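J.: Here it is: the structure, laid out below.
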Amino acid sequence: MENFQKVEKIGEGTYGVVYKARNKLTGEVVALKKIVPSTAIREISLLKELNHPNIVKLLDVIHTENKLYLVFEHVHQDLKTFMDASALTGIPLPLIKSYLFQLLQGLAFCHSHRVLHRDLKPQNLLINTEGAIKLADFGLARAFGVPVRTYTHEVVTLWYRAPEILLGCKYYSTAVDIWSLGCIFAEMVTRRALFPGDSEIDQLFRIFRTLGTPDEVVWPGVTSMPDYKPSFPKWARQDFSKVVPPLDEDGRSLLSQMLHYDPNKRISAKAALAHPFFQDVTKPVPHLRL
Ligand SMILES: C[C@@H]1C[C@H]2CN1CCn1[nH]c3c(cccc3c1=O)-c1nc3c(cccc3[nH]c1=O)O2
């Protein structure tokens with residue numbers, strides 16, 4: 001695009017390369033994403049109006065010469081990078097709680113307009129120097145079906161995928177994003193991925209080994225799911241005190257509700273914001289080197 005000048009390749013999203021670039025017009029630095037059916041066009045345009053402080057802002061959509069470029073506000077780094085860097089001492093609890101609180105606000109907003117992210121993961125959570133965190137690539141999934149492999153052939157991570165998606169439910173709800181965020185919450189606290197599956201069945205079985213194999217008791221209708229197999233091994237449910245120490249009682253109570261098997265029992269983003277865990281929530285400034 002004539003109006004932009006690439007500064008550097010800052011990443012590789014699911015749909016295309018992402019560059020940090022400068023707008024020759026406004027002089028603003030931005031994140032340029034390379035990705036055209038009419039349906040995707042209408043969908044992307046809807047995204048230009050769902051603005052929230054905790055959602056990476058979609059500045060412009062350039063559909064030129066049968067190509068799609070999405071211009072997004074630029075945010076210095078992602079959460080994955082910050083997490084790896086904080087592997088030795090871990091992200092202090094006050095900051096973890098602040099990030100979770102902000103993410104829940106971003107989700108509550110999106111879910112109120114019936115938009116789901118569908119693919120939340122540390123990598124698409126962006127953080128700035130002022131203590132804020134924002135959801136990136138929000139809504140791109142419905143527009144462009146999230147594939148098994150990226151344009152670069154990298155395997156899309158299954159670690160944050162909700163069980164209903166894994167079991168074949170085709171009309172999953174906003175609850176899938178709460179599941180993902182819960183997995184991220186646990187990972188920030190323990191400094192280790194909660195369910196690092198490397199295939200759909202390994203992903204499903206890791207979930208089962210920690211939370212117990214779901215049945216009609218905890219999840220009515222589960223046995224009727226498309227990919228549910230009566231032959232799934234029967235694992236006992238582990239205790240959360242063992243899964244996410246040293247997270248306190250309120251935190252464990254909240255995480256448990258975010259990880260409920262039944263999508264209808266799983267806590268909503270809105271209800272999560274009123275949880276006592278956030279009673280003493282604050283907004284501290286992180287220690288990140290740019
Ligand atoms: C955000 C995820 C991960 C990587 C590829 N992304 C996936 C593709 N992608 N990248 C996006 C960005 C901003 C806004 C929206 C998107 C987006 O959808 C930016 N992306 C990135 C980044 C990695 C390290 C720093 C920045 N900074 C950014 O500003 O992208």
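Going through the structure tokens in order, the chains are called A, B, and so on, while each chain numbers its residues from 1 and the ligands are numbered from 1 in the order shown.
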Contacts between ligand 1 and chain A, please, where a residue of chain A counts if it comes within 7 Å (with only C-alpha atoms and all ligand atoms); show its shortest atom pair and distance in Å to one decimal, rows by chain and ascending number, as a Markdown table.
T.:
```
| residue | atom | partner | partner_atom_place_in_ligand_line | distance |
| --- | --- | --- | --- | --- |
| A:10 | CA | ligand 1 | 23 (C) | 5.4 |
| A:11 | CA | ligand 1 | 4 (C) | 4.2 |
| A:12 | CA | ligand 1 | 5 (C) | 4.6 |
| A:13 | CA | ligand 1 | 7 (C) | 3.4 |
| A:14 | CA | ligand 1 | 7 (C) | 6.2 |
| A:18 | CA | ligand 1 | 10 (N) | 5.7 |
| A:30 | CA | ligand 1 | 29 (O) | 6.9 |
| A:31 | CA | ligand 1 | 29 (O) | 4.9 |
| A:33 | CA | ligand 1 | 9 (N) | 6.5 |
| A:56 | CA | ligand 1 | 14 (C) | 5.3 |
| A:57 | CA | ligand 1 | 14 (C) | 6.9 |
| A:72 | CA | ligand 1 | 14 (C) | 4.7 |
| A:73 | CA | ligand 1 | 14 (C) | 5.8 |
| A:74 | CA | ligand 1 | 29 (O) | 3.5 |
| A:75 | CA | ligand 1 | 29 (O) | 3.9 |
| A:76 | CA | ligand 1 | 27 (N) | 5.0 |
| A:77 | CA | ligand 1 | 25 (C) | 4.1 |
| A:78 | CA | ligand 1 | 24 (C) | 5.2 |
| A:123 | CA | ligand 1 | 3 (C) | 4.9 |
| A:124 | CA | ligand 1 | 1 (C) | 4.0 |
| A:125 | CA | ligand 1 | 1 (C) | 6.5 |
| A:126 | CA | ligand 1 | 1 (C) | 6.6 |
| A:136 | CA | ligand 1 | 15 (C) | 4.8 |
| A:137 | CA | ligand 1 | 18 (O) | 3.6 |
```
J.: Find the residues around residue 8 (chain A) up to 8 Å (only C-alpha atoms counted), leave out those fewer than 6 positions away in its own chain, and share them as a list in words.
T.: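 The residues satisfying every condition are residues 19, 20 and 21 of chain A.
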J.: Go ahead and save the residues from that selection, with N, CA, C and O atoms, as a PDB file, in the first residue's frame.
T.:
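Listing of out_30.pdb after writing:
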```pdb
ATOM      1  N   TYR A  19       3.477  -6.558   9.890  1.00  0.00           N
ATOM      2  CA  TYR A  19       4.585  -5.624   9.875  1.00  0.00           C
ATOM      3  C   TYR A  19       4.308  -4.392  10.707  1.00  0.00           C
ATOM      4  O   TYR A  19       3.167  -3.983  10.886  1.00  0.00           O
ATOM      5  N   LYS A  20       5.374  -3.817  11.235  1.00  0.00           N
ATOM      6  CA  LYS A  20       5.270  -2.576  11.961  1.00  0.00           C
ATOM      7  C   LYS A  20       5.530  -1.670  10.772  1.00  0.00           C
ATOM      8  O   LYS A  20       6.439  -1.939   9.990  1.00  0.00           O
ATOM      9  N   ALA A  21       4.725  -0.634  10.603  1.00  0.00           N
ATOM     10  CA  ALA A  21       4.899   0.269   9.474  1.00  0.00           C
ATOM     11  C   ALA A  21       4.511   1.677   9.874  1.00  0.00           C
ATOM     12  O   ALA A  21       3.862   1.882  10.895  1.00  0.00           O
TER      13      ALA A  21
END
```
J.: Ranking A:140, A:25, A:183, A:83 by minimum distance to residue 70 (chain A) and counting only C-alpha atoms, which one comes first?
T.: A:140
J.: I need the strand (DSSP E or B) residues of region 54-242 of chain A per DSSP on the backbone, written as a list in words.
T.: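 Going through region 54-242 of chain A, the strand (DSSP E or B) residues come out as residues 55, 58, 59, 60, 61, 62, 63, 64, 67, 68, 69, 70, 71, 72, 73, 77, 78, 125, 126, 127, 133, 134, 135, 149 and 155 of chain A.
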J.: Please list as a VMD selection string every residue within 12 Å of residue 45 (chain A), counting only C-alpha atoms and excluding residues in the same chain fewer than 3 positions away.
T.: chain A and resid 38 to 42 48 to 50 58 to 63 68 70 139 to 140 143
J.: Which residues are close to region 270-279 of chain A, i.e. within 9 Å by only C-alpha atoms, leaving aside same-chain residues fewer than 6 positions away? Reply as a JSON list (two decimals) with N, CA, C and O atoms, in the first residue's frame.
T.:
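The resulting file, selection_30.json, is reproduced below:
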```
[["chain", "number", "residue", "atom", "x", "y", "z"],
["A", 97, "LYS", "N", -3.62, -10.39, 38.30],
["A", 97, "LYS", "CA", -5.01, -10.07, 38.58],
["A", 97, "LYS", "C", -5.50, -8.90, 37.73],
["A", 97, "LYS", "O", -6.64, -8.90, 37.26],
["A", 98, "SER", "N", -4.64, -7.90, 37.55],
["A", 98, "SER", "CA", -4.98, -6.73, 36.74],
["A", 98, "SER", "C", -5.20, -7.12, 35.28],
["A", 98, "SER", "O", -6.15, -6.67, 34.63],
["A", 101, "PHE", "N", -8.49, -9.08, 34.95],
["A", 101, "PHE", "CA", -9.61, -8.16, 35.12],
["A", 101, "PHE", "C", -9.89, -7.39, 33.83],
["A", 101, "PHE", "O", -11.05, -7.27, 33.40],
["A", 104, "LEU", "N", -11.19, -9.68, 31.02],
["A", 104, "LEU", "CA", -12.59, -9.98, 31.26],
["A", 104, "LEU", "C", -13.47, -8.81, 30.82],
["A", 104, "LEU", "O", -14.60, -9.02, 30.37],
["A", 105, "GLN", "N", -12.98, -7.59, 30.98],
["A", 105, "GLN", "CA", -13.76, -6.43, 30.55],
["A", 105, "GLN", "C", -13.83, -6.44, 29.02],
["A", 105, "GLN", "O", -14.88, -6.20, 28.44],
["A", 107, "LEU", "N", -13.63, -8.99, 27.05],
["A", 107, "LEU", "CA", -14.49, -10.09, 26.63],
["A", 107, "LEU", "C", -15.96, -9.74, 26.89],
["A", 107, "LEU", "O", -16.81, -10.00, 26.06],
["A", 108, "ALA", "N", -16.25, -9.15, 28.04],
["A", 108, "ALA", "CA", -17.62, -8.78, 28.37],
["A", 108, "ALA", "C", -18.18, -7.86, 27.29],
["A", 108, "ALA", "O", -19.33, -7.99, 26.87],
["A", 109, "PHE", "N", -17.35, -6.92, 26.82],
["A", 109, "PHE", "CA", -17.77, -6.00, 25.77],
["A", 109, "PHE", "C", -18.07, -6.75, 24.48],
["A", 109, "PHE", "O", -19.15, -6.61, 23.91],
["A", 248, "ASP", "N", -4.58, -18.16, 45.66],
["A", 248, "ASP", "CA", -5.44, -18.22, 46.84],
["A", 248, "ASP", "C", -6.85, -18.76, 46.57],
["A", 248, "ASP", "O", -7.23, -19.01, 45.43],
["A", 249, "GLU", "N", -7.62, -18.94, 47.64],
["A", 249, "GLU", "CA", -8.98, -19.48, 47.56],
["A", 249, "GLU", "C", -9.92, -18.81, 46.58],
["A", 249, "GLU", "O", -10.66, -19.49, 45.85],
["A", 250, "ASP", "N", -9.94, -17.48, 46.56],
["A", 250, "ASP", "CA", -10.82, -16.77, 45.63],
["A", 250, "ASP", "C", -10.38, -17.03, 44.19],
["A", 250, "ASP", "O", -11.21, -17.27, 43.31],
["A", 251, "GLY", "N", -9.07, -16.99, 43.96],
["A", 251, "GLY", "CA", -8.53, -17.24, 42.64],
["A", 251, "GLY", "C", -8.87, -18.65, 42.18],
["A", 251, "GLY", "O", -9.28, -18.84, 41.03],
["A", 253, "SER", "N", -11.31, -20.49, 43.24],
["A", 253, "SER", "CA", -12.75, -20.55, 43.07],
["A", 253, "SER", "C", -13.12, -19.98, 41.71],
["A", 253, "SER", "O", -13.94, -20.55, 40.99],
["A", 254, "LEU", "N", -12.50, -18.86, 41.34],
["A", 254, "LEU", "CA", -12.80, -18.24, 40.05],
["A", 254, "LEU", "C", -12.35, -19.12, 38.90],
["A", 254, "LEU", "O", -13.11, -19.33, 37.96],
["A", 257, "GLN", "N", -14.63, -22.00, 38.14],
["A", 257, "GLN", "CA", -15.84, -21.61, 37.43],
["A", 257, "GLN", "C", -15.58, -21.28, 35.95],
["A", 257, "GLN", "O", -16.47, -21.42, 35.11],
["A", 258, "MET", "N", -14.36, -20.83, 35.64],
["A", 258, "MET", "CA", -14.02, -20.51, 34.26],
["A", 258, "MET", "C", -13.73, -21.79, 33.49],
["A", 258, "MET", "O", -13.79, -21.82, 32.26]]
```
J.: Could you pull out the residues in region 56-114 of chain A that DSSP calls alpha helix (DSSP H) from the backbone, as a PyMOL selection string?
T.: chain A and resi 79-85+93-112
J.: Export N, CA and C atoms of the chosen residues as a PDB file, in the first residue's frame?
T.:
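This is the output file result_12.pdb:
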```
ATOM      1  N   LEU A  79       1.996 -10.980  25.353  1.00  0.00           N
ATOM      2  CA  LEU A  79       2.077 -11.595  26.672  1.00  0.00           C
ATOM      3  C   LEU A  79       2.999 -12.815  26.705  1.00  0.00           C
ATOM      4  N   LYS A  80       3.023 -13.586  25.624  1.00  0.00           N
ATOM      5  CA  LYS A  80       3.877 -14.764  25.560  1.00  0.00           C
ATOM      6  C   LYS A  80       5.326 -14.345  25.853  1.00  0.00           C
ATOM      7  N   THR A  81       5.825 -13.373  25.097  1.00  0.00           N
ATOM      8  CA  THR A  81       7.177 -12.865  25.285  1.00  0.00           C
ATOM      9  C   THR A  81       7.413 -12.451  26.734  1.00  0.00           C
ATOM     10  N   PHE A  82       6.476 -11.696  27.302  1.00  0.00           N
ATOM     11  CA  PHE A  82       6.576 -11.238  28.687  1.00  0.00           C
ATOM     12  C   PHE A  82       6.591 -12.405  29.690  1.00  0.00           C
ATOM     13  N   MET A  83       5.783 -13.430  29.431  1.00  0.00           N
ATOM     14  CA  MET A  83       5.711 -14.609  30.294  1.00  0.00           C
ATOM     15  C   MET A  83       7.032 -15.383  30.298  1.00  0.00           C
ATOM     16  N   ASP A  84       7.584 -15.619  29.110  1.00  0.00           N
ATOM     17  CA  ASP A  84       8.851 -16.334  28.982  1.00  0.00           C
ATOM     18  C   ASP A  84       9.953 -15.566  29.698  1.00  0.00           C
ATOM     19  N   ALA A  85       9.961 -14.251  29.509  1.00  0.00           N
ATOM     20  CA  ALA A  85      10.948 -13.385  30.138  1.00  0.00           C
ATOM     21  C   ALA A  85      10.818 -13.393  31.661  1.00  0.00           C
ATOM     22  N   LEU A  93       1.572 -11.400  41.355  1.00  0.00           N
ATOM     23  CA  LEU A  93       0.125 -11.574  41.431  1.00  0.00           C
ATOM     24  C   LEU A  93      -0.707 -10.324  41.145  1.00  0.00           C
ATOM     25  N   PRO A  94      -0.346  -9.162  41.727  1.00  0.00           N
ATOM     26  CA  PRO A  94      -1.135  -7.950  41.463  1.00  0.00           C
ATOM     27  C   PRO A  94      -1.316  -7.647  39.973  1.00  0.00           C
ATOM     28  N   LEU A  95      -0.270  -7.898  39.191  1.00  0.00           N
ATOM     29  CA  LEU A  95      -0.295  -7.657  37.748  1.00  0.00           C
ATOM     30  C   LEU A  95      -1.105  -8.735  37.037  1.00  0.00           C
ATOM     31  N   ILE A  96      -0.978  -9.975  37.501  1.00  0.00           N
ATOM     32  CA  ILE A  96      -1.735 -11.081  36.918  1.00  0.00           C
ATOM     33  C   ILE A  96      -3.223 -10.783  37.093  1.00  0.00           C
ATOM     34  N   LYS A  97      -3.616 -10.387  38.298  1.00  0.00           N
ATOM     35  CA  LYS A  97      -5.013 -10.069  38.580  1.00  0.00           C
ATOM     36  C   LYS A  97      -5.499  -8.897  37.731  1.00  0.00           C
ATOM     37  N   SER A  98      -4.641  -7.895  37.552  1.00  0.00           N
ATOM     38  CA  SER A  98      -4.981  -6.726  36.739  1.00  0.00           C
ATOM     39  C   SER A  98      -5.200  -7.116  35.275  1.00  0.00           C
ATOM     40  N   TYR A  99      -4.305  -7.934  34.735  1.00  0.00           N
ATOM     41  CA  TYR A  99      -4.454  -8.367  33.354  1.00  0.00           C
ATOM     42  C   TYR A  99      -5.738  -9.169  33.171  1.00  0.00           C
ATOM     43  N   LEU A 100      -6.014 -10.086  34.097  1.00  0.00           N
ATOM     44  CA  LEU A 100      -7.216 -10.912  34.017  1.00  0.00           C
ATOM     45  C   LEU A 100      -8.475 -10.051  34.042  1.00  0.00           C
ATOM     46  N   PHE A 101      -8.494  -9.080  34.951  1.00  0.00           N
ATOM     47  CA  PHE A 101      -9.612  -8.161  35.118  1.00  0.00           C
ATOM     48  C   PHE A 101      -9.891  -7.388  33.829  1.00  0.00           C
ATOM     49  N   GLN A 102      -8.826  -6.862  33.223  1.00  0.00           N
ATOM     50  CA  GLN A 102      -8.930  -6.101  31.972  1.00  0.00           C
ATOM     51  C   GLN A 102      -9.384  -6.965  30.799  1.00  0.00           C
ATOM     52  N   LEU A 103      -8.861  -8.185  30.729  1.00  0.00           N
ATOM     53  CA  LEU A 103      -9.238  -9.112  29.672  1.00  0.00           C
ATOM     54  C   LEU A 103     -10.725  -9.453  29.792  1.00  0.00           C
ATOM     55  N   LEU A 104     -11.186  -9.680  31.017  1.00  0.00           N
ATOM     56  CA  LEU A 104     -12.587  -9.977  31.262  1.00  0.00           C
ATOM     57  C   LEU A 104     -13.474  -8.811  30.824  1.00  0.00           C
ATOM     58  N   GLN A 105     -12.985  -7.586  30.976  1.00  0.00           N
ATOM     59  CA  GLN A 105     -13.760  -6.427  30.547  1.00  0.00           C
ATOM     60  C   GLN A 105     -13.828  -6.437  29.023  1.00  0.00           C
ATOM     61  N   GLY A 106     -12.696  -6.718  28.379  1.00  0.00           N
ATOM     62  CA  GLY A 106     -12.670  -6.765  26.924  1.00  0.00           C
ATOM     63  C   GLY A 106     -13.599  -7.835  26.377  1.00  0.00           C
ATOM     64  N   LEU A 107     -13.631  -8.987  27.047  1.00  0.00           N
ATOM     65  CA  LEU A 107     -14.494 -10.093  26.630  1.00  0.00           C
ATOM     66  C   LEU A 107     -15.962  -9.741  26.888  1.00  0.00           C
ATOM     67  N   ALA A 108     -16.251  -9.153  28.044  1.00  0.00           N
ATOM     68  CA  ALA A 108     -17.625  -8.780  28.374  1.00  0.00           C
ATOM     69  C   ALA A 108     -18.177  -7.855  27.286  1.00  0.00           C
ATOM     70  N   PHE A 109     -17.348  -6.919  26.824  1.00  0.00           N
ATOM     71  CA  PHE A 109     -17.767  -5.999  25.773  1.00  0.00           C
ATOM     72  C   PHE A 109     -18.068  -6.749  24.475  1.00  0.00           C
ATOM     73  N   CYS A 110     -17.108  -7.545  24.013  1.00  0.00           N
ATOM     74  CA  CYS A 110     -17.271  -8.326  22.783  1.00  0.00           C
ATOM     75  C   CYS A 110     -18.447  -9.286  22.830  1.00  0.00           C
ATOM     76  N   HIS A 111     -18.587  -9.988  23.950  1.00  0.00           N
ATOM     77  CA  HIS A 111     -19.668 -10.939  24.120  1.00  0.00           C
ATOM     78  C   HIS A 111     -21.038 -10.256  24.165  1.00  0.00           C
ATOM     79  N   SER A 112     -21.079  -9.006  24.637  1.00  0.00           N
ATOM     80  CA  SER A 112     -22.331  -8.255  24.704  1.00  0.00           C
ATOM     81  C   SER A 112     -22.819  -7.941  23.287  1.00  0.00           C
TER      82      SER A 112
END
```
J.: For residue 36 (chain A), which residue among A:66, A:5, A:190, A:213 is the nearest when counting only C-alpha atoms?
T.: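 Distance minimum relative to residue 36 (chain A) lands on A:66.
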J.: If we count only C-alpha atoms and set the cut-off at 12 Å, which residues sit around residue 195 (chain A), ignoring sequence neighbours fewer than 6 positions away in its own chain? Please answer as a list in words.
T.: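 Contacts, with the query itself left out: residues 157, 158, 159, 160, 161, 162, 163, 179, 180, 182, 183, 184, 186, 187, 201, 202, 203, 204, 205, 206, 207, 208, 209, 210, 211, 243 and 259 of chain A.
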J.: Convert the current residue selection to file output with C-alpha atoms, as a compact mmCIF listing (two decimals), in the first residue's frame.
T.:
```txt
# COMPACT_ATOMS: atom_id res chain seq x y z
CA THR A 157 -1.89 -24.31 19.27
CA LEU A 158 -4.69 -26.38 20.82
CA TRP A 159 -3.72 -25.63 24.44
CA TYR A 160 -6.46 -23.03 25.04
CA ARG A 161 -9.24 -24.75 23.10
CA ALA A 162 -12.49 -25.42 24.96
CA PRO A 163 -13.67 -29.06 25.29
CA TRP A 179 -12.29 -21.32 28.95
CA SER A 180 -9.25 -20.02 27.04
CA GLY A 182 -8.94 -19.49 32.37
CA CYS A 183 -6.15 -21.58 30.82
CA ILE A 184 -4.08 -18.39 30.39
CA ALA A 186 -3.54 -20.68 35.33
CA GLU A 187 -0.42 -20.45 33.14
CA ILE A 201 -7.12 -36.30 21.50
CA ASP A 202 -4.02 -35.56 23.60
CA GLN A 203 -5.52 -32.11 24.30
CA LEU A 204 -8.82 -33.67 25.30
CA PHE A 205 -7.13 -36.34 27.44
CA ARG A 206 -4.98 -33.80 29.31
CA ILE A 207 -8.13 -31.87 30.17
CA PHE A 208 -9.74 -35.12 31.35
CA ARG A 209 -6.77 -36.13 33.55
CA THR A 210 -6.92 -32.83 35.48
CA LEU A 211 -10.66 -32.05 35.52
CA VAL A 243 -3.24 -27.57 39.98
CA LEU A 259 -13.10 -24.14 33.62
```
J.: Out of A:269, A:127, A:244, A:146, which residue has the shortest atom-to-atom distance to residue 289 (chain A) when counting only C-alpha atoms?
T.: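 Closest to residue 289 (chain A) of all the choices is A:127.
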